[PDB]
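Note sheet for the following structure.
First the proteins, then the strands, lettered A, B, ... as listed; each starts at 1. Note that these values count all heavy atoms, side chains included, but never hydrogens, waters or copies made by symmetry.
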Amino acid sequence: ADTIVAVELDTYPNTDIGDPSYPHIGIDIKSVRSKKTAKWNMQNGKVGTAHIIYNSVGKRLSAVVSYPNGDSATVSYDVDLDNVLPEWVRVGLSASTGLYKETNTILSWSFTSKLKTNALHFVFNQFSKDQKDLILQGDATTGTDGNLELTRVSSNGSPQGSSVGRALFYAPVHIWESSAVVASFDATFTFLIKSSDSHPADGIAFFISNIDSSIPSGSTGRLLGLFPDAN
Amino acid sequence: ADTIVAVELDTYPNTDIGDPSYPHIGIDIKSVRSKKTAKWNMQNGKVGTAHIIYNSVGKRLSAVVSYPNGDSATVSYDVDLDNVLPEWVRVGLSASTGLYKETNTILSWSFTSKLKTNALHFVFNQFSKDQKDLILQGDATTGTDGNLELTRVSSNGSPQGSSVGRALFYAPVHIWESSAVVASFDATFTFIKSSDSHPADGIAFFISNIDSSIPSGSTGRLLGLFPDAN
Amino acid sequence: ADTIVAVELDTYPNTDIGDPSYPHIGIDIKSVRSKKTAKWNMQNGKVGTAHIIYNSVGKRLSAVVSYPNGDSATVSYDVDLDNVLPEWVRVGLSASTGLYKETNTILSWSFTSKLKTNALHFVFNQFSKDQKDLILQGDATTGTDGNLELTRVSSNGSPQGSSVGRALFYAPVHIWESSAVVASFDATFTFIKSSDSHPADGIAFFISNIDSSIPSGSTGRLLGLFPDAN
Amino acid sequence: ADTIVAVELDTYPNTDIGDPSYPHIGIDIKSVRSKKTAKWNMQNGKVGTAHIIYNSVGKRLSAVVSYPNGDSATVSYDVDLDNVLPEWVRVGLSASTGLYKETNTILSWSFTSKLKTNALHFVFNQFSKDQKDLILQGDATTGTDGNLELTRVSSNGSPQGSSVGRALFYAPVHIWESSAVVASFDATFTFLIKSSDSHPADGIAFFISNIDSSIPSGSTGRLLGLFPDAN
Ligand SMILES: [Ca+2]
Ligand SMILES: [Ca+2]
Ligand SMILES: [Ca+2]
Ligand SMILES: [Ca+2]
Ligand SMILES: [Mn+2]
Ligand SMILES: [Mn+2]
Ligand SMILES: [Mn+2]
Ligand SMILES: [Mn+2]
C-alpha cells in the first residue's frame, strides 16, 4: 500500500472508525484514524484556508484551518516524518464524498519544501483547465472557473456522492535527505466546501505520499481518497 | 522540431555557424545562431555563475555569466517570449562536447517563474545520485559528489568528446499566460574545465516545449538544443 | 536636494511641466518630468496594481499598472541606476493632491531588493494603525481599515486638496553595490477614487536617499517627490 | 527592563547560574537561565550555522546549531511567544566575552517573519563596513572583511574579553498580530567562534527584543549582552 501522511479536513464524523463525533481536522500518519484531531466548524459555502507546517527540527506536524470570520481549528502532532515518509514523495490534495456529499473545491494551493539549500515551491492561485503540473487522479478536475474540483460536481453545480479525487504536484519532492540539517515543508490551500445535503461529507486532505501513490480502490467516503481501509 | 529559447555559455567558436570568433555568451531564440552574443572569458577550472532574467514587462531576456574574480559577460535581447514559447514548457540545462571537450559540471541550479500568482521555484544547490525531480537526457548524470555532469566524464575525471546531455526540471512550467500582468522567470546556475587545447562546446540554460528531447546529432556546436545550425 | 527615482501613476496632466495630455504612468529619474511615459486609464474607484521591476543586468526600469478588467499601461526606461541612486536608499510610496484630488489609498505594497546574496523583502498586504516599520511623512496615515492613505481623506471619505504624504520603509536598502553581479529590485503595490471633475495628482513608488523628506511645496504636480518641476 | 527571547549558543558553562556543565545551546525566554538547553560541541575556529524556527501554530521555538562535519545540537521549547513578546520587536544577534574570550564573528544572517501576508525577510551574506540597515550596539562592528564582529577583536585578530555587542536589524518587526492565523519566524546565522583561551567564552545569541532594546549594563560575560542579571 501507499505511504500516507495527511492533514484531513474531515467534514463527516465516522465515529465507527475513530472519528470524533464532530467534523474535525486531523493529522493522519499512515492511517485514516487520525493520530490527533481538533473539532472543526466547517462553514458551509465559505472559503476556508488550511496551513500545514512541518520541520525536521521541531518534528511537529501542524495545521490550522480558518475561515474569514476568524474561526479556526488547529491540530499538531509530534512526529518524525523522516521515519515515516520515503525520501522522495509527491504531495497532493485529496477529497471524497460518499453517501453524503459536498463540493471539495480548491481555489488555491501552495507548497514549499526545503532541505537546508534545495527547495521546491509552487503556488496555484488559479487552476487552468489544462493544469499540466498537476497529476489529477480519480474524479479531480480543473478549468474553467480557476478552481480544482477534487470530487465530481455536475454541470448544474451540485456535488456528487461516492466521488473521490486527488491532485498531486507533478514533480516528486525530495522531502528529507540525510545530510540536511533542516527539512521543512509548508502547505496552504483554500477551499470551498458547500453542501445542501443533510450533512456534508467527506472532506479534503493535504497529503504526502510515495511518488507513485494512486487513489486506493474503494477510498470514497470515509477514506478520503487516501487509504485502502479504515485501520 | 522542439522550440528552444536558450542562454548559451558557448566555449567554442564555430564561426561557420555564425558564432563570434571567441568564447561567448549568447541568447538563442529558436536557433543556435544567437540573436545576441557577448565575449566571454571562460576561466578554466573555476566555478562560474550564470544568471538569466526575463520578464513579460520589459521583454528583455538577459544573462550574465560571472566568476568569483569579478569578470563577467552580459548579454541581453529584446524579445517577447509570449510569441516564441509554448505556454507550457520545461526548463533545463544542456551541454555538449564535440571534437574538443570540457567538463560541463553544474554545481547548482535555481529557477523561478511567476505569473502575476502562480509560481514555481526550485533550487538545487546539491544534486543527488537519483535526482527524481530531474529528467536526465543523453549523457547527463548526477551524484554523489553533489553535482550534475551534463556531459560524460570518465572515471579519471577526463571529459569525453561528442557527449551531449541535459537535465530538465521534472514538472512542466507555465511560463506565460496571456492574462498575466507579469510573467517573469529567472534562473541561476553555477558550473567548466578542460585540458584540451580548446574547451568545447558549452552549457545552456534552456526553455523548451514540455516534450523536448535531445535532437539527434546535437553534440558539439549544437549544444544539445538544436537539430541543425539553421 | 534628494535624489529621486520614481514610477509615477500620474492621474493629472500638467502639460506645462511636460506631462503628456492624458493620465499616464511615468519613469522619473531625478525629475518630475518623466523620462518615459505611457497613457494610463485610471479606473475611478477600482483597485489598481502597480508592478515595478529593475535589474542591474538589463538596466531597464519597468512598470506596469493594471486593473482587474485587464487594462494596463506599461512603461520602461533604460537606465543604469547604479549611476543615479546612492548605494543606500529608502523606498517609498508618495502621493499628492492639488487643486483637484483623489484618494491615494494603498491597499498593499511589497518590495524586494537583492544583491547577488544580500536581500530585503517586505510585504504589507494590510497596514496597521501604528505601522512601526513605515516612516510616514506629510499627510500619510495608516489604519485601522488595513490601508495606507498617502494623502488626506476627511471623515466623510472625501480626499482633500493640496495634500502630500509618503510612506518609506523603515530600513535603509542597499540598492546597489558595485561588485553585485545582479542588483535587482521589484515593487508591487495596489491602490484611486475621486468625485472631482478630474482626479489628481497621482501616486509614485520611489527610491530616494535615506534621509529623503517631502520637498517643501511638492503637493500637486510634484507628487511629494520633487522641490520643483525642473 | 527589556523583554528578551533568545537562542543562545553558550560557549561557557556558568553552572552557578543554571548553565549545564558544558557548552550548550539554549532557549532563553526573559531569562539567561535557559528554559531548555542541549549539549553543544562548539568547534573552535570552525564556521557553525544556527537555524531558529518558530510559528504561532506549533508554538515551539526550535534551534539547531551545526558545523560542516555534521555535528549538531538542537533544542526546542514549547512557548507561546504571543504571550511573551511585544507585538513589535527588533531582532538581533548578541555576543559577549568575559574573563574568557572568543571571536564572535557572524558571517551571515537571515531572518524571515510572516503574518498570515505581511512579511519581512532580510539576508546578509556579507556585511559592509557601513551596514546601514544594522543597528550596532556596544562593541559590535562590521566591515571590511565582510563579517559582523559582535565582540571586540583587536587589529591583530585576537578577540578581547569583557566585550559585549549586538547587531539589530534596523526595522522593527511585526512579530505577532492578533488577526494573523499564522505568525512565523525563522532565523539563520553562521558564525565563527575561535579562541586560544583556556576556555572560550561567552557565546552568541539570536534574540528578539522590544524595539528599543539596548545592551543592559554589565551584560558582558555570562549575560551574553541580553540580560541585566542572571535571574
Ligand atoms: Ca470522516
Ligand atoms: Ca560554439
Ligand atoms: Ca501630473
Ligand atoms: Ca554561559
Ligand atoms: Mn477523521
Ligand atoms: Mn554560439
Ligand atoms: Mn507626469
Ligand atoms: Mn547558558
Side-chain angles (χ1 to χ4, degrees), chain B residues 7 25 27 36 38 40 47-82 108 110 112-117 119 121 123 125 176-190 205, chain C residues 7 25 27 36 38 40 47-82 108 110 112-117 119 121 123 125 176-190 205:
Chain B
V7 173
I25 59 171
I27 291 153
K36 190 89 87 76
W40 177 43
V47 176
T49 303
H51 302 272
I52 299 106
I53 298 161
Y54 179 79
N55 65 83
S56 70
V57 189
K59 301 178 175 299
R60 185 186 290 282
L61 180 53
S62 294
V64 218
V65 180
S66 65
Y67 279 107
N69 77 168
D71 289 356
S72 158
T74 296
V75 66
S76 286
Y77 184 60
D78 288 344
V79 60
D80 193 349
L81 291 180
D82 284 24
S108 62
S110 69
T112 302
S113 74
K114 286 175 177 205
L115 303 177
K116 300 185 195 192
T117 275
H121 167 62
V123 43
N125 284 323
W176 67 266
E177 195 280 347
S178 63
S179 73
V181 173
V182 183
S184 54
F185 63 77
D186 71 276
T188 298
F189 66 92
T190 64
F205 163 77
Chain C
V7 173
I25 59 171
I27 291 153
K36 190 89 87 76
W40 177 43
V47 176
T49 303
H51 302 272
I52 299 106
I53 298 161
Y54 179 79
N55 65 83
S56 70
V57 189
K59 301 178 175 299
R60 185 186 290 282
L61 180 53
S62 294
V64 218
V65 180
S66 65
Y67 279 107
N69 77 168
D71 289 356
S72 158
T74 296
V75 66
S76 286
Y77 184 60
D78 288 344
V79 60
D80 193 349
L81 291 180
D82 284 24
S108 62
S110 69
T112 302
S113 74
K114 286 175 177 205
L115 303 177
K116 300 185 195 192
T117 275
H121 167 62
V123 43
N125 284 323
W176 67 266
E177 195 280 347
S178 63
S179 73
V181 173
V182 183
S184 54
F185 63 77
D186 71 276
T188 298
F189 66 92
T190 64
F205 163 77

Task: Interchain contact, C:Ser66 with chain B, by part (heavy-atom threshold 4.5 Å) - done: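 Contact with chain B is through the side chain of C:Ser66 alone.
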- [ ] Measure the CZ-CG distance between C:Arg60 and B:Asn55 for me, rounded to the nearest 0.5 Å.
- [x] 9.5 Å
Open item on the list: Quick check: closest heavy atoms across B:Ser62 and C:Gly58, and the distance to 0.1 Å?
Closed with: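 The pair with the smallest heavy-atom distance is OG-CA, 3.6 Å.
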- [ ] Could you tell me which of C:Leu61, C:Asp78, C:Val181, C:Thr74 has the largest number of non-hydrogen atom pairs under 4.5 Å with chain B?
- [x]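 Ranked by contacts with chain B, first place is C:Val181.
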Open item on the list: Out of C:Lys59, C:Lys116, C:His51, return the one with the most heavy atom pairs under 4.5 angstrom to chain B.
Closed with: C:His51
Open item on the list: Among B:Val75, B:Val182, B:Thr49, which residue has the highest count of heavy-atom pairs closer than 4.5 Å to chain C?
Closed with: B:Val182
Task: Side chain / backbone / both / neither for B:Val57 at chain C, heavy atoms under 4.5 Å - done: both
Open item on the list: Under 4.0 Å between a side-chain nitrogen and a carboxylate oxygen: does that hold for C:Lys114 and B:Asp186?
Closed with: no
